[PDB]
Amino acid sequence: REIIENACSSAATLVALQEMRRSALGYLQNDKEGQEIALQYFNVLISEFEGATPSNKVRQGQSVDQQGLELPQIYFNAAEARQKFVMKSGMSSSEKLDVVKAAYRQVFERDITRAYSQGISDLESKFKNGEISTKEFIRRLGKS
Amino acid sequence: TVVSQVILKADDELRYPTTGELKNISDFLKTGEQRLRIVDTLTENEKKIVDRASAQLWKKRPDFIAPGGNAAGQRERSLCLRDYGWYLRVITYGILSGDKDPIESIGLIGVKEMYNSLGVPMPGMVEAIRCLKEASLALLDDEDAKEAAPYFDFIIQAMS
Amino acid sequence: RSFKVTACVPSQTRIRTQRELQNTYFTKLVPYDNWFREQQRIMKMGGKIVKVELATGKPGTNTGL
Amino acid sequence: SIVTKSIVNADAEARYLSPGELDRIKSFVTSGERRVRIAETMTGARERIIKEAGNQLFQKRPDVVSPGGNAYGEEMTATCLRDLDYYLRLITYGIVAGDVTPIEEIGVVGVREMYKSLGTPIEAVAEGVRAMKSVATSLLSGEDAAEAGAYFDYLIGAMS
Amino acid sequence: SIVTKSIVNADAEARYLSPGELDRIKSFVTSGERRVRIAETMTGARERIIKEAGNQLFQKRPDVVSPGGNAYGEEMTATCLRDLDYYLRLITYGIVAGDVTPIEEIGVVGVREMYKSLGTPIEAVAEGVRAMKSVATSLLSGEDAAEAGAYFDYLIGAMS
Amino acid sequence: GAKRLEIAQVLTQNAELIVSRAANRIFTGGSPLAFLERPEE
Amino acid sequence: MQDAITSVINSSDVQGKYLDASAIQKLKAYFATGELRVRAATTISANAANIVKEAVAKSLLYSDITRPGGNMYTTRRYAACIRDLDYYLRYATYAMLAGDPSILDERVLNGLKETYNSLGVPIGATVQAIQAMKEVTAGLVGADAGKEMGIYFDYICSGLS
Amino acid sequence: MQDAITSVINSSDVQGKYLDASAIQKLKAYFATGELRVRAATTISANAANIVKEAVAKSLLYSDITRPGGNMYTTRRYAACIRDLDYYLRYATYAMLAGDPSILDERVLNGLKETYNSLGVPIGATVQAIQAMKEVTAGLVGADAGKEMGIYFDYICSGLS
Amino acid sequence: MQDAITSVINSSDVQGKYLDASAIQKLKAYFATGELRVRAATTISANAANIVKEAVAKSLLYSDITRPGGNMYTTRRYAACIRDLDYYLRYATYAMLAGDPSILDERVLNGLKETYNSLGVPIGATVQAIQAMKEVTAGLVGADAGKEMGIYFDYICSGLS
Amino acid sequence: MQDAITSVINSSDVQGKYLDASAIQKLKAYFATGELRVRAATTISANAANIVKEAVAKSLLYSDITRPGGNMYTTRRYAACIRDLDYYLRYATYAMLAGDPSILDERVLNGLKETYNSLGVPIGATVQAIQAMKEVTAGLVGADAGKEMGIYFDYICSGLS
Amino acid sequence: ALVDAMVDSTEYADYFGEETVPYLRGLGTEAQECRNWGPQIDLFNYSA
Amino acid sequence: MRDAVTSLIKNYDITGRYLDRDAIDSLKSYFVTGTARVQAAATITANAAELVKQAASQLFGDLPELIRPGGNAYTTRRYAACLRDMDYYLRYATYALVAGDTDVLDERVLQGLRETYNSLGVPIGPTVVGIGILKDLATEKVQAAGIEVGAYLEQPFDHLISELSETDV
Ligand SMILES: *[C@H](C)[C@H]1/C(=C/c2[nH]c(/C=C3N=C(/C=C4\NC(=O)C(CC)=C4C)C(C)=C\3CCC(=O)O)c(CCC(=O)O)c2C)NC(=O)[C@@H]1C
Ligand SMILES: *[C@H](C)[C@H]1/C(=C/c2[nH]c(/C=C3N=C(/C=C4\NC(=O)C(CC)=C4C)C(C)=C\3CCC(=O)O)c(CCC(=O)O)c2C)NC(=O)[C@@H]1C
Ligand SMILES: *[C@H](C)[C@H]1/C(=C/c2[nH]c(/C=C3N=C(/C=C4\NC(=O)C(CC)=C4C)C(C)=C\3CCC(=O)O)c(CCC(=O)O)c2C)NC(=O)[C@@H]1C
Ligand SMILES: *[C@H](C)[C@H]1/C(=C/c2[nH]c(/C=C3N=C(/C=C4\NC(=O)C(CC)=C4C)C(C)=C\3CCC(=O)O)c(CCC(=O)O)c2C)NC(=O)[C@@H]1C
Ligand SMILES: CCC1=C(C)/C(=C/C2=NC(=C\c3[nH]c(/C=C4\NC(=O)[C@H](C)[C@H]4CC)c(C)c3CCC(=O)O)/C(CCC(=O)O)=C2C)NC1=O
Ligand SMILES: CCC1=C(C)/C(=C/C2=NC(=C\c3[nH]c(/C=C4\NC(=O)[C@H](C)[C@H]4CC)c(C)c3CCC(=O)O)/C(CCC(=O)O)=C2C)NC1=O
Ligand SMILES: CCC1=C(C)/C(=C/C2=NC(=C\c3[nH]c(/C=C4\NC(=O)[C@H](C)[C@H]4CC)c(C)c3CCC(=O)O)/C(CCC(=O)O)=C2C)NC1=O
Ligand SMILES: CCC1=C(C)/C(=C/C2=NC(=C\c3[nH]c(/C=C4\NC(=O)[C@H](C)[C@H]4CC)c(C)c3CCC(=O)O)/C(CCC(=O)O)=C2C)NC1=O
Ligand SMILES: CCC1=C(C)/C(=C/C2=NC(=C\c3[nH]c(/C=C4\NC(=O)[C@H](C)[C@H]4CC)c(C)c3CCC(=O)O)/C(CCC(=O)O)=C2C)NC1=O
Ligand SMILES: CCC1=C(C)/C(=C/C2=NC(=C\c3[nH]c(/C=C4\NC(=O)[C@H](C)[C@H]4CC)c(C)c3CCC(=O)O)/C(CCC(=O)O)=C2C)NC1=O
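Rules behind the numbers
- Residues numbered from 1 in each chain as written, not as in the entry; some residues may be left out.
- Chains lettered and ligands numbered in written order.
- Part of a larger assembly, values for the part shown.
- Heavy atoms only, no water.
- Residues with missing side-chain atoms left out of burial classes, pairs and counts.
- Helix = DSSP H or I, 4+ residues; strand = E, 2+ residues; numbered from the N terminus.
- Rg over C-alpha atoms; globule rule 2.2 N^0.38 Å.
- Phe/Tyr/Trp six-rings, centres within 6.5 Å; stacked < 30°, edge-to-face > 60°.
- Buried < 20%, exposed > 50% of the residue type's maximum accessible area, 1.4 Å probe, protein only.
- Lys NZ or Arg CZ within 6 Å of the ring centre and 35° of its normal.
- Near = heavy atom within 4 Å.
- Polar contact = N/O pair within 3.5 Å; in protein donor to acceptor, adjacent residues only side chain to side chain.
- Areas by Shrake-Rupley, 256 points an atom, 1.4 Å probe, with all protein chains shown as cover.
- Nonpolar A, V, L, I, M, F, W, Y, C, P; charged D, E, K, R; others polar.
- Contact = heavy atoms within 4.5 Å.
- Buried area = accessible area lost by both parts, 1.4 Å probe.
- Salt bridge = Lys/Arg side-chain N within 4 Å of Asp/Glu carboxyl O.
- Pairing = 2+ DSSP bridges.
- Axes fitted to C-alpha atoms, helices over the stretch in contact; angles between N-to-C directions.

As deposited, the entry is annotated with cryo-EM as its determination method and 3.5 Å as its resolution.

Labelled according to the PDB entry, chain C appears under the name Phycobilisome 7.8 kDa linker polypeptide, allophycocyanin-associated, core, originating from Arthrospira sp. FACHB-439.

Identification of chain A as LCM from Arthrospira sp. FACHB-439 is taken from the PDB entry.

The structure is reproduced here in structure tokens:
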């Protein structure tokens, strides 16, 4: 909408897409089951066009020579997200265990607990306590 | 200002500021009384500016005053007239500091999406600052018009 | 030698980069050799160190890490 | 230079060129004719500076010249005047650039590891460039000797 | 539960739950009455099938009841039936929960190293649960056996 | 997915009519669907 | 963490017994109310950029907090108080589909009591913000779900006290 | 990080008013002393291995502390002690360049008072070494700028004690 | 990564038209064969230990590759050469459910020629090991979806040799 | 390329001096053993199919490097391997006759360690072959000239390992 | 010291921070540079 | 990155010489245009967020073979990414305009750009037209701003053309 704000009318698009929705759900009056599916889906098309753009997410070089860049919020939202495994303190144990699965998977490139049956077990206990943070669990793994 | 560009630039490289920026610090600090010719002539001529630009906006784009718009009620229009002099306040922070560091961290970081949290759209409010520039630069003298013109010009790029 | 620290470190970039915010005011053992680089890193983000307490280490040795 | 340092800082935040660094650069480039007629007079009198600071060093540090010191012998004390010939030659690159990134990338960042590997005392160079400063301020006029003398004073801080 | 895996997948992505995966909760609670009837028919029928399938493990592993075996006497075999009956609640815990992790957080996290202590083999305790899932599938119907039996051969694979 | 194909199998043959329902409220002077540059077979 | 399905599983586990007749009726109450919660959570989806708007307009705007000297005066601090309000809605629908207060004791409340005093955020407007968020969605999604939505809304503001 | 320029920006912004006369009398005082502070920051950085040497050779060498028994006997304690005195001087010059001690409040005096009692570091000796480093610095830069470091050298000593 | 959904949409989208009736017939076949292979994917995922134990015994045991001089002689390489075979079983579940073997070519077949030659493992022994798994996956599943497995399954061993 | 006379010229050419009395005894030690090396080469060439026969008979034959699971096994790779062992002996005749190992470092040791990893033939068997070639040769020629032939044998073995 | 100089960097704590695991930042998750576009995805492969 | 001053430093450093008469007159030739460099760089960033918007609408009205479903500018996922990937060419042209030479363009934007676009399927062809539309649409706002114009400010741009585009002749 903020692309076509100069050429097209923003008010003409909302009234066109609403009656595009209303005439399409009038075609689905017979099945009685998919009409509420497309009413959920056309309402995404109306409500996403209601808002304006979000801003561009921007990376910054903390080194002075590495250049800063920019990325559209669209382009990050379309690609899949890497599963960020945050570990907080009092979470449950199975949800605690797949974090320390993935911490080995990040550093040692594969799950060497599952595949080689080895990994230092005293460090996980300080990790699962909430004693050391996840920054420290990487660093004491890196000096091992 | 220039001094917080240098200390935050010399802390992570763990070194004293060298002469390439110490000459750059001292060159800003001899231009205060030149910059103070610009900062009060914006100050006492504030209310002459604040509705000469506000009439300039709605004669250019009347939809914020049109019924169903944004400042169609008076409690929104009293808010929106306030935000001009708020923007005239923080621009004059920048001309005093001679840099971006007040004009970043007060009224510019994150405004592209938090007008969208409100009702006000983005690019009409870009037109509000652009008419506020010519409402101020006509009041300014010409040889110091070109100094204060990039500080108004940054707000056009960062908001759109 | 290692000592725990309570510190609250806001980021001042999560408005720009639009990341998932992790909730600070943590407690962690930082070792003695790695601490002042990590302490200076709390100052670069402007976070405020609340409490530093010596966990283990017996302050005053000449040998013994 | 300063123009690299203003771009590289503005590239890291990924914005355009600010009104801050538009005026650091413009104030640099209207001082560009002033710094080259500073830096010519160093190169115009390079045989006098090296001879006078060579006369000024060896009376301050006679452990160097005396045998068993490093610069002992007519081939070795000719190299220590050549060892100071480079640092006078580098300072003229720093005066023209307006910063010390010619000094940093060429003559600073590995000095203490090199001069430990050569046998010379490191602080004895830091007296010599300081003695090289004391004949360079007698060349120029007063308002320029504060500018060119700061580039000498940066090089002392790299050594000691 | 199957809510809990779908909640923490959305949080580790920091993503809102998409309506293409909200059907797995809607199809759960339609079958949530149906899954309780699986645990309802394993409620009153539990009290027969544990005593039978203990004998089937003794046919497959006669070294257990041998002198020098790990379950020799009365009370070594009396708790070993009770050590099997611990698992029978867990598969009925996972039917109503609908998924893996209530079996996992109670029974299968440390099972490879706790039976390593007291000497009962993992390759002995597995096929008694295969003896369990044979007779538990006998009381079920055709559709009930494929759903409830799917939790068993996970745990058989989780032993071996 | 068998239901989800049937929603598309009602909309694909009705999409040529549904723009003529849509564009006729926002456009006045010309019978617009004929102006549609549809992708040819 | 623990679902209301699994909370009866964990409490019967430390009881050590089978799923008895008291365990059915608690589990049947979640399954009889399971289709409300997915119907509740599917319409926070299309209004996730809208419920945050008027709740700010009901309890936060036209006040001293957006004035100079107020804590969300500058637009960096305005952007976080819509960001930190957007996360409190998204994590509260996780409590809706769980049917527990326990998803939110430790994903949310584990550091908020000390961060807001360290950052100088006044808690006394945040409780008014979530209570503004409680009234708007009950008139949005329906009365029966908004009764269920307001329960875990009360866990996060009393948990912020 | 608050420059004395940016400090009176922030104290004017919390009221939301423009720059008054008494605020400008802080700027035009600060714009007057610009060339003085730049001359001091050059000659410290050319002497920053000698200001840190003549402070410790005056006050701390041949004392209790360099002798065996307390706190500077081993070389790793001596390397850590000259690491602090270099870092105090490098952080004092920023407050001389800013004209505000907010660098010292943010980057130096955060964890330092707690970590010295937690390490057994004598505060009463290192409050003297910065006190000994003042009159070296007041002689090395000239007493006009020597009365400028004395605010920010003893802002450390006001905080660390 | 990609999908049979992405293969039918982007083939229609770069043409720019709507869904073809021949493009429907791919998806009408695709949603029909779900329940004939979703139930196959549960049986494959359950018996992952019994498949790999059988398939390494049908083709790789008691040979020169197990004996010294071979590449499965140490136990570190033998444990890897189970999990290197286990990932091809797991990624064959992915290309069965996605309906498209383009999950394999740039996630599991991408660096597969590079790691195997840099360690020098016989690629001709892997394909003999992988084609041994086609027999054991048919008896656990059935002849209907054993055909449906083996199309995506032989795409691994085609790109290896 | 160069020999014991050309090198001691080229050692004394790049200094700029003439042939001094410190380099003539490098020639006189060569010319004293000049008649010894020419009798050493003329028994190598008369036995050159038997030195390569007795070398592989102690290391490679009847092992399992010539097994069907082996490197040697196809007779294309056998006749190369005798010939790849021919070229180690024939140049070792040359360097003994030259008195300098420079002809070994140009043509034999050109890229030989990096060809062998690119081919897959083992290096640890090749050092076992030439050190079996060394003990056959010194028995055949004589314990004087087998010592100087043993240097140029092991100079190849220093380059392979 | 190398793992000390990288985990304590401000490049680390800005992005990952304190209580999350490191994750590799491929294309799409953030903007990616053009100078090292070649050997970054080649480094992100398992054949690294 | 590497200024016209600092390029003349290691044009003279590697041969080990001082600053002679040719060094003192080539560097003065840079400084007499430095007032014209900076004021052109202000008015390029006068409407730089508008200047990419006027260029790409003039691009895509000229080459529709990039709007209709063909080459990748199809969705707003591509189009708003296209406006960002256009905006780097405007923003880095500001830096080398001030820096004198094109060595900022040489190792920030040009290196890898033949290899980034080939990995995505982004064509190099209309990117050259996109800088070629920004070639003259930058000179308009310098001309309407009263700055003189010339090789400086019309060069950074064809160094993004003659080195990015592949050589035909
Ligand atoms: C105005 C009443 C009508 C209208 C006109 C219009 N649109 C454009 C430009 C574009 N339209 C798109 C459209 C989409 N992008 C998408 O991702 C989707 C969902 C699949 C759609 C529908 C895009 C990318 C552009 C920009 C590229 C282009 O030029 O086409 C114009 C041209 C604007 C200009 O001159 O710069 C006009 C006149 N758009 C509407 O929505 C109304 C139907
Ligand atoms: C010096 C004359 C006095 C002294 C110094 C001393 N300090 C330490 C240890 C530390 N010092 C610091 C200092 C800082 N951290 C900061 O952020 C700043 C602001 C820039 C400063 C000045 C820290 C963090 C430590 C602990 C970590 C470390 O490894 O250094 C020691 C070492 C103590 C030991 O037992 O090894 C010493 C000796 N102590 C004295 O005796 C003098 C009074
Ligand atoms: C005997 C003491 C125990 C026992 C042994 C047993 N092993 C197998 C099968 C194999 N054993 C190996 C052994 C090794 N591989 C290694 O890398 C090392 C270290 C160098 C060893 C010891 C291997 C590779 C196999 C697979 C068959 C093969 O060699 O190709 C069996 C047969 C199992 C089968 O399925 O055939 C048995 C019975 N079992 C016991 O009861 C003893 C305790
Ligand atoms: C738009 C007018 C043109 C076009 C653009 C287009 N670009 C992309 C993607 C990228 N462009 C870059 C380029 C750079 N990154 C840099 O760091 C630098 C130096 C500062 C440059 C020049 C990169 C890395 C990408 C990849 C995405 C990312 O930024 O991380 C796309 C997206 C491709 C897609 O379909 O997904 C598009 C559309 N394409 C055109 O057709 C126009 C010619
Ligand atoms: C310190 C930096 C900063 C500023 C200046 C700021 C302003 C600001 N402007 C607002 C609203 C507004 N802003 C506008 C403005 C406009 N509509 C148009 O058509 C015009 C283009 C533009 C006219 C100037 C209007 C009409 C409202 C009222 C909308 C509403 O609150 O419902 C609001 C919400 C309600 C209010 O307080 O009035 C804030 C907080 N916020 C900040 O953080
Ligand atoms: C669900 C979580 C859970 C696990 C994993 C568990 C294991 C478990 N098995 C035990 C005993 C035992 N379990 C067995 C079991 C067997 N011996 C055999 O040969 C058979 C193969 C097999 C069972 C069919 C035996 C012999 C003992 C007694 C061990 C001893 O006293 O030496 C005991 C000690 C007595 C008891 O409290 O029951 C525990 C705690 N209990 C649990 O609650
Ligand atoms: C998902 C669970 C969760 C929550 C809720 C959460 C909140 C959270 N809100 C924060 C800040 C903030 N919160 C506010 C909020 C407010 N200011 C006001 O004026 C109002 C009174 C109020 C809201 C109504 C502001 C202004 C900041 C920024 C503080 C600063 O930047 O100095 C911060 C500090 C770092 C940051 O700025 O992001 C956290 C961690 N984090 C979490 O992990
Ligand atoms: C057990 C470990 C240990 C070490 C390493 C140590 C070094 C040490 N050497 C010192 C002084 C000194 N050390 C020297 C020694 C030398 N300079 C020369 O020219 C000689 C060749 C050379 C002898 C190797 C000198 C001359 C001083 C006095 C420096 C001065 O007063 O300026 C001092 C300062 C006075 C004090 O407080 O003790 C310390 C701490 N002290 C210790 O307790
Ligand atoms: C997700 C895509 C992907 C996969 C699957 C993958 C596998 C992979 N297989 C490996 C090794 C291996 N793979 C084998 C495999 C075999 N040996 C045989 O003789 C059999 C014929 C064959 C099994 C079919 C062996 C022996 C090794 C160990 C080589 C070594 O580490 O020395 C390694 C070596 C690193 C290590 O030592 O852990 C990796 C990374 N890498 C990937 O990036
Ligand atoms: C003097 C200059 C010179 C060198 C360096 C030379 C080296 C040489 N040795 C080679 C091969 C070879 N090298 C060996 C190695 C051996 N034979 C064995 O069986 C043992 C395992 C081992 C030594 C004890 C083998 C088996 C081949 C043939 C490899 C093959 O055909 O695949 C090859 C590859 C030729 C080919 O295979 O077509 C070259 C170029 N030829 C030369 O003229």
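Having seen the model, we can carry on.
Another aspect to go through is the overall build of chain C. In terms of helices and strands, chain C carries one helix and three strands. Secondary structure elements of chain C, listed N to C terminal, follow the sequence β-β-α-β. At 14 Å, chain C has a C-alpha radius of gyration far larger than the 11 Å of a compact globule built from 65 residues. Taken over the C-alpha atoms alone, chain C extends approximately 50 × 15 × 15 Å along its principal axes.

Next up on the list: the packing of aromatic side chains. Per the counting criterion, the structure on display carries 22 aromatic pairs over all chains. Residues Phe 127 of chain A and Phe 137 of chain A carry aromatic rings whose centres are separated by 4.1 Å and whose planes lie at 10 degrees to one another, so their mutual orientation is stacked. Note that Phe 127 of chain A is positioned in helix α6 (residues 121-128) and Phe 137 of chain A in helix α7 (residues 134-142), a separation of 10 residues in sequence. By the burial criterion, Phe 127 of chain A is buried, and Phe 137 of chain A matches it. Taken together, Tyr 104, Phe 108, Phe 127 and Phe 137 of chain A form an aromatic cluster joined through their ring pairs. Against the face of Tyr 23 of chain K rests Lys 84 of chain A, its NZ or CZ located 5.3 Å from the ring centre.

Below, the discussion takes up the site of ligand 2. Residues in contact with ligand 2 amount to 27 residues; listed here are only the nearest, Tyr 32 and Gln 39 of chain C together with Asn 71, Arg 76 and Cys 81 of chain H. One finds residues of chains C and H in close proximity to ligand 2. Here an oxygen atom of ligand 2 and a side-chain polar atom of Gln 39 of chain C are 2.6 Å apart. Here ligand 2 loses 97% of its free accessible area of 900 Å² to cover by the protein chains. Breaking the shell around ligand 2 down by element, the ones donating at least two residues are α1 (35-44) of chain C together with α5 (75-98), α7 (112-117) and α8 (123-140) of chain H. Residue contributions to the shell around ligand 2 peak at 10 residues, all from α5 of chain H. Its residues assigned to classes, the shell around ligand 2 comprises 18 nonpolar, four polar and five charged.

With 33 residues of chain A at the contact, the number on the chain K side is 27 residues. Buried surface at the junction of chain A and chain K, both sides included, amounts to about 2600 Å², of which 53% is carbon and sulfur. The three residues of chain A that bury the most area against chain K are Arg 59, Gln 62 and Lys 135 of chain A, which together make up 23% of that side's buried surface. The interface formed by chain A and chain K includes five salt bridges. Taken together, chain A and chain K are joined by 16 residue pairs in polar contact. Elements represented by at least two residues in the side of chain A that touches chain K include exactly α3 (73-78), α4 (93-107) and α7 of chain A. With five residues, the top contributor of residues to the side of chain A that touches chain K is α7 of chain A.

Right, let's get into the sheet that holds strand β3 (residues 48-56) of chain C. All names here are of chain C. The antiparallel open sheet is built from three strands, whose spatial order is β2-β1-β3. Only two strands of the sheet have a single partner each, and these edge strands are β2 (26-31) and β3. Taking each pair of neighbouring strands and ignoring which way they run, the sheet shows an average axis angle of 25 degrees. Two elements, strand β1 (residues 2-8) and β3, share seven bridges in a ladder whose sense is antiparallel. Residue pairing in the sheet places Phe 3 in a bridge with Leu 54 of β3. Running at roughly 165 degrees to β3, α1 makes contact with β1, β2 and β3 of the sheet.

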